[PDB]
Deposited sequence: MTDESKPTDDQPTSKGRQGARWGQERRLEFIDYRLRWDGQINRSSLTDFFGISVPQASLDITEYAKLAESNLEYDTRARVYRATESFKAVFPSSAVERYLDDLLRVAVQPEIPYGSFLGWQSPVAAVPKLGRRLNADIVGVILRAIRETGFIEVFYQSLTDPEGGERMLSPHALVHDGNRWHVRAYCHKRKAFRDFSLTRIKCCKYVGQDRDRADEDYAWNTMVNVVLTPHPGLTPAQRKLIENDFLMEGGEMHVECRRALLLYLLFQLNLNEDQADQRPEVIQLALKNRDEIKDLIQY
């Protein structure tokens, strides 16, 4: 009722805050288009956003948009994540492809977050298709990493004496067991910044070569992205350059009837 209305309105205020942060402006008809609300309601939402931050935005009468002011500081922490729009879209017409992969375990994630926050020791049972028997492992983690769909923890392995990555869905048990020293400054790969230069794939026709350079805002046929050395492997996966242990276990399934399901594709 009222709680459902205040909850729904709060997401629209986060939409406003997001649009101002990333696009620099918002139209009243953006709210009506996106959420299916009336023009009056969109006017109430904009007024409510202004009560939280009176100088975050300003109406431009000629253009008929609200623009982010010079003093704009986002009101909600959610505005900082680029993909938050995807979440707003998914929560407030929309359909999903079936996810084959395993579901993230909130208990294991919580223990790892605690251990990162407190620089703790954790004892895990890690089990992978590369070593099916699995084994217990002693880790000191210092970062939880999002790779599109997949999560992995960056941690110090103590028997092995090196910093490594561990896929969250391959962690079957996770227990906090002690307090450690901070090691983050010894993970050189994690801290070394690499300037990755991308160009349009050789072989593209002139037209698709110019399209891709326009789509990715390249200067002189080049694009620059800063990556930590310990994350290069994950960036290259997006370009489909490698294919191996650190990809999902879903890849290791197979269709019982590959002939019959292929016919059904159109």
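Residues of the deposited sequence lacking C-alpha coordinates, numbered from 1, fall in the stretches 1-15, 108-122, 274-275, 299.
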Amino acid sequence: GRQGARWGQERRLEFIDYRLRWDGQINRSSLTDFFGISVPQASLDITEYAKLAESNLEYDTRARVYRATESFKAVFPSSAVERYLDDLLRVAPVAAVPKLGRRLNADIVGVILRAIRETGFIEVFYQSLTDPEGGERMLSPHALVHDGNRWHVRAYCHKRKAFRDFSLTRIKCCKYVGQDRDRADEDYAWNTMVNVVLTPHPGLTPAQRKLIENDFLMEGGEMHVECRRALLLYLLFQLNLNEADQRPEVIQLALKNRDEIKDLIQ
From here on, numbers count along this sequence of modelled residues.
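When the two stretches 192-200 and 107-115 are set side by side, the higher mean Cα temperature factor goes to 192-200. Comparing 217-225 with 24-32, the higher mean C-alpha B-factor in the PDB entry belongs to 217-225.
Among 71, 79, 167, 140, the highest C-alpha B-factor recorded in the PDB entry belongs to 71. The entry lists C-alpha B-factors for 37, 44, 241, 50, and the highest of these is at 241.
Residue 181 sits in the middle third of its chain by CA B factor, as recorded in the PDB entry. Ranked by C-alpha B-factor against the other modelled residues of its chain, residue 172 falls in the middle third. Per-chain ranking of the deposited C-alpha B factor places residue 257 in the highest third. Ranked by C-alpha B-factor against the other modelled residues of its chain, residue 120 falls in the lowest third. In this PDB entry, residue 154 carries a Cα temperature factor that places it within the lowest third of its chain's modelled residues.
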